[PDB]
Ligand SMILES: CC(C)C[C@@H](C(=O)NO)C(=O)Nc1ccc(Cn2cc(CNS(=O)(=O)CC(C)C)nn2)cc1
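Read the single chain below, which is given as structure tokens and is the form deposited without the ligand.
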């Protein structure tokens, strides 16, 4: 008899600051079993799992007491809103929220499910938090989302940007299938960086145009993993398609389409939601697993035709990243 209930708690980190769910940001969607006054960091669309610094688990939801409808309860094991670690207030609060934003931006804004099953039923977003010991990564493994708590260089890696990034690697294999190498691998990596921006936009109405600044320790020298307005700021990512060479790792050939996306959403009468709508649809209906950068421009133009967007805004942008769409 687990029923809807409203979770109140804190999030953030020492760098971007600490904020309260139910004041600064929406209440969390939890479930509650009254007869035991136990609560669960789980709703229809998102399960948050507390790995407790282990490396394997059974993905039973994080479970916290909620003893004593506009009633709300405080999250965390000591029912005070906290699950503090390595400078973060409660990375598990931040996953539940991240899982929400991503599930909603995809379903409400684009009408599609971020995650679906083989047979087409939607697939519940499992967020595995506190994974490992001082783990400085977050990754997608086909079935679920794993976030490390970081170490000396980064705070725990639960944030809308990181979460949207890694989750949307699920969106790409169940749709376009953009292979994780070559040009398509850059496009894959790129799509996740766009989804990272779209999650920050759903949330607060503006976005970083960077990747990971919120998780980088403020005394770690680095301030951001990638810049999408000018990728080559990072020293190695490329800005235009003509700079490609087959030996780019995907996190550095991602600069092309990341630049493209920044250029498109900054066009007159464009916003982020419009530009990502094109990409979600191109990923959904036209992009091929072996896609070249030029084939991706065709997929975008074909998608915009399906949604009615302005094709000449698309082309100027493609043209600025030295992609040519002549043969589509």
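Positions refer to the first chain, counted from 1.
Although not depicted, the form solved in complex with the ligand is the subject of the following passage.
Asks: Quick one: the ligand borrowed from its pose in the entry with it bound and superimposed here by the pocket C-alphas, is it open or blocked (3 or more atoms within 2.4 Å of backbone/C-beta)?
Replies: Output flag = open.
Asks: At 4.5 Å between heavy atoms, only one of the stretches 78-86, 94-102, 134-142, 111-119 reaches the ligand in the entry with it bound; which one is it?
Replies: Checking each option against the 4.5 Å cut-off leaves 134-142.
Asks: Decide yes or no: are 157, 211 and 225 jointly within 4.5 Å of the ligand in the entry with it bound, with each residue judged by its heavy atoms?
Replies: Yes, the whole trio is in contact, each within 4.5 Å by some heavy atom.
Asks: Should residue 189 be classed as touching the ligand in the entry with it bound when contacts are defined as heavy atoms within 4.5 Å?
Replies: Residue-level check for residue 189: yes, a contact with the ligand.
Asks: At 4.5 Å between heavy atoms, is residue 165 in contact with the ligand in the entry with it bound?
Replies: Taking the distances in the entry with it bound, the answer for residue 165 is yes, it comes within 4.5 Å of the ligand.
Asks: Could you confirm whether residue 169 comes within 4.5 Å of the ligand in the entry with it bound, counting heavy atoms only?
Replies: Residue 169: contacts the ligand in the entry with it bound.
Asks: Taking the ligand as it sits in the entry with it bound, is residue 249 near enough to touch it, meaning that at least one heavy atom pair lies within 4.5 angstroms?
Replies: Although the ligand is absent here, residue 249 would touch it in the entry with it bound, with heavy atoms inside 4.5 Å.
Asks: Comparing the chain between the shown form and the other one, one rigid part rotates relative to the other; which of 253, 211, 129, 42 lies at the hinge?
Replies: Only one option sits at the hinge, namely 211.
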